[PDB]
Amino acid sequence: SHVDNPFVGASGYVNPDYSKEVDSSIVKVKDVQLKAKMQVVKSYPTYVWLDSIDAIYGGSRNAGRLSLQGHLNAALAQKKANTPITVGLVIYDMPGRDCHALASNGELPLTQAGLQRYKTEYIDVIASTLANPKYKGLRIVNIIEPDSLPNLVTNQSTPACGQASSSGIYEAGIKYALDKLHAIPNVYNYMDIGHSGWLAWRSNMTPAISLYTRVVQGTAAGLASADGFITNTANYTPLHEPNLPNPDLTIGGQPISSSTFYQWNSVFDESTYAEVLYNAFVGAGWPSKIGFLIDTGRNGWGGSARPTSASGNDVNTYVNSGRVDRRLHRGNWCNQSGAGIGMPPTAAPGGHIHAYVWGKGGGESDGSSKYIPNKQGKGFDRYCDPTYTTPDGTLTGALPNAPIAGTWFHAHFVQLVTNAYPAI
């Protein structure tokens, strides 16, 4: 029943809510070739974010979206005979969610009372829904709480993150999620582990690896509770930086890793990141068969200005000429301009990569560019404000006139399709 890599030989569930979002853009554009590229984009599986208790129930409780059961019912109707199918879910309601965000939309407080709600009203309801014999023929693939554990390693100076650590609540929430979800034999769990590479940098690697190891080892099944890891969830870092294959290359006596853009971080892309983590986890005693997912929904960095080479007599000129990631700063995560769709969802593309997945479907907003009245409790994170100067000293790169988090952003969508790499 429980196979090593649930993506092998399997189709994927195509979410009709994402299709309906895409359709809303198709009818606005008169370019029939662009319409066609959008038809193709909505043919790909996209992950379903359970970003609140309300998201489990759908309907009027969640902006008209399908309930969890509605998703699982639709998945049944898409399953081909004698062919497995994966249903992608994002488990995303940690107490004190997004401790490093300027404005988190997480509903649950970072308290023991918050944790008990997480257990009873969120995880337990999801787990009992997934355990229904009606759905035994589906393979459920979970992205486990993005934007949670890595902050305990890199952002402990932020008070909310220091408290997520010292309270034990993040670790308690992950353990409970893994215990209840791994107990269902057709459920596969992939631990979110960020994207930047800062988790692997210098004195961060040991606490990062030991943190993930300690949390999963303490579950009932130990390391078997996690089938693997996922990087780049909802972010933009490219699969490869093809013009900068060697971070140690020196120009003017300095390695290009020391350019402004990388700030001494030798991990330039998600392929390098996943391999660095894989080797470290195997070094910590994880089984060699662990797999990595990479979210490639918005990390293509294509279009007609994508660099094809690198040149320059100093590391900054060189790196900036050649990097396909065109962001002002690798810390800019919201509604990024210039970004394009990346690799389509792809099973077992090579090595220890179990799959390329569209963790976040391109076109949905990362947050509004102002505070917009809404009934979902979605706020205004200045990292979504195009005019905001971040603590890193650059603007955000976010697209202007953005709607609230998790709702459709037509202008970003058109841009993402136009700039797809590979092209649609």
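Just count from 1 along the sequence shown to find any residue number.
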Report task. Mind pulling up the entry and telling me whether 198 to 206 or 140 to 148 has the higher mean Cα temperature factor? Result -> 198 to 206
Requested in this report: Mind pulling up the entry and telling me whether 213 to 221 or 154 to 162 has the higher mean Cα temperature factor?
Outcome: 154 to 162
**Report entry** Peak C-alpha temperature factor (PDB record), options 393, 359, 367, 362
**Finding:** 393
Report summary line: Per the deposited entry, the peak Cα B-factor within the set 303, 238, 297, 228 goes to 303
**Report entry** Cα B factor band for residue 314 (lowest, middle or highest third within the chain)
**Finding:** highest
Query - Ranked C-alpha temperature factor of residue 248 among modelled chain residues, by third - result: highest
**Report entry** residue 64 - which third its CA temperature factor falls in, relative to the rest of the chain
**Finding:** highest
**Report entry** residue 389 CA temperature factor, ranked by third within the chain
**Finding:** middle
Query - Ranked C-alpha temperature factor of residue 120 among modelled chain residues, by third - result: middle
